[PDB]
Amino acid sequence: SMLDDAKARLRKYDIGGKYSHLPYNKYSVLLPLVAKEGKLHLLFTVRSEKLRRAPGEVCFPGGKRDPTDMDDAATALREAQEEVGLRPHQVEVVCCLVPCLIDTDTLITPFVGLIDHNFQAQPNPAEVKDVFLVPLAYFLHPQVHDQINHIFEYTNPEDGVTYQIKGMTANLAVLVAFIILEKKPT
């Protein structure tokens, strides 16, 4: 099936806990895969205009590890619940992808999760201004704008609203698309 095929591809890139104990400032992100209308989509947040770090930017759900978290996957799931109302029974964590090093002292660990078909996002307005889906296939043929820094522009055909996706967030979206969609019979 579509979903079994995606998880099988993803597992081949799982690094597991290999880099998890190193002495960094630690953050996790959840890359949430949603199936709709026979295709896979990624779920993105727009950060509230009132936040300290990067107000109004497009990001995946995530945040800083705290002492309660059993592991890095737990960080991602706790944060996703707080931001968009995703409960643990509503997500299957499939793997841990290559981590992102920043600022010489920070390590960000990305997890890919498959989302239940009955999940409906409840944006927490203290943290998130908006939540939206993008088809995974978009990231194979994006609409690119050069700011040089490459920026993706996605327009939602339901309402005509355009979102800008850039940086680590855009890079991780492309990676997931390549892993799942490369070399497929039509």
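Note that residue numbering begins at 1 and tracks the sequence as displayed.
According to the record, the deposited sequence contains 10 or more residues between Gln147 and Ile148 that were left without coordinates. The deposited model assigns a higher average Cα B-factor to 159-167 than to the other stretch when 159-167 and 172-180 are compared. For the segment pair 110-118 and 81-89, the entry gives 81-89 the higher mean B-factor, averaged over Cα atoms. Highest CA B-factor among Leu51, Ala137, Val29, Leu33, as stated in the entry: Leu51. In this PDB entry, the Cα temperature factor of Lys64 sits in the bottom third of its chain's modelled residues, the lowest group. The deposited CA B-factor of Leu10 belongs to the lowest third of values across its chain. Among the modelled residues of the chain, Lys39 sits in the middle third by CA temperature factor in this PDB entry.
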